[PDB]
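What follows is a single chain, given as structure tokens, in the form deposited in one PDB entry.
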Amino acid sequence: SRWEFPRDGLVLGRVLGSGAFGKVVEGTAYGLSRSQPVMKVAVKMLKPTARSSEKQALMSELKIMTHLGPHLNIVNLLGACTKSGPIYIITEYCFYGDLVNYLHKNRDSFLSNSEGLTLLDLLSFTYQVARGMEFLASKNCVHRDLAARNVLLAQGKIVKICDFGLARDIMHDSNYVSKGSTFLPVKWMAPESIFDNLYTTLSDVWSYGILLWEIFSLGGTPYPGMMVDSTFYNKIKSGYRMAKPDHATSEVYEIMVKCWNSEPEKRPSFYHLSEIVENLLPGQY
């Protein structure tokens, strides 16, 4: 495969995330970049605890990444090690890490700029996520776990959608609730995913609305203070929706409301979301 990179071209680093069978670590790649002899990357791999279902899953993820091709707002595949060893997937490294912790870090200095984040930045993140999801939708790729924790931020404030997957400890993460044999991100899920096991680009649009709530609360937990229990499920069914977060404009909140239509087909497309948000950007962008 043309994606193949020699394993001995890597020096492995500090762990960036781990779950039960997988992890992602920082690494240095020699001779991988054509313009840079030495470069920092991120590498995904399995732990010795991993079984065939995991190895299969990681190979399947590599295949989907190659098939999708590149996009500015999707974490960028750089290579892989699949022969004569445990499988590694290599991507770009993103300077600021995940969007949740970045927003939290930025709470004190929020200005609404080198001095801190503004509404413009929040709208930029909103727009870039929509573009990334528009790209995935155009390849018929349904994300199923869209959330700010699965958005990375590169040094130029460029959003990169990912899915930690096996490199997140879903069994020990309050964002994932036991619902069957696995843990699911219930507070981000569309009702038809919760109740009917239906996942589509339209359920990704619901999750996108929840992600916007995360952005405009500077990394708040959706449905703050609400446990996922029978009362939660009844509330969603009865039509309960989150109120506008403090840094959102009325137009941004209108967008979240649209994304949370009970009927999936009534939710707006990621194409239209991208165009609408772009139109909300101020002149200096």
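The term rigid core refers to the maximal set of C-alpha atoms that superpose within 1.5 Å between the two forms. Only residues modelled in both forms are compared. The numbering used is simple: start at 1 and walk along the sequence shown.
Although it is not shown, the form deposited in another entry is what the next lines describe.
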query: Residue from 190, 167, 103, 129 whose Cα, after superposing the rigid core, lies 2 Å or more away between the shown form and the other one; finding: 167
query: Displaced residue check between the shown form and the other one: residue 36, CA, 2 Å or over, core reference; finding: yes
query: Stretches between the shown form and the other one where the CA atoms of at least 3 consecutive shared residues shift 2 Å or more, core fixed; finding: 35 to 38, 48 to 50, 113 to 115, 165 to 167, 282 to 285
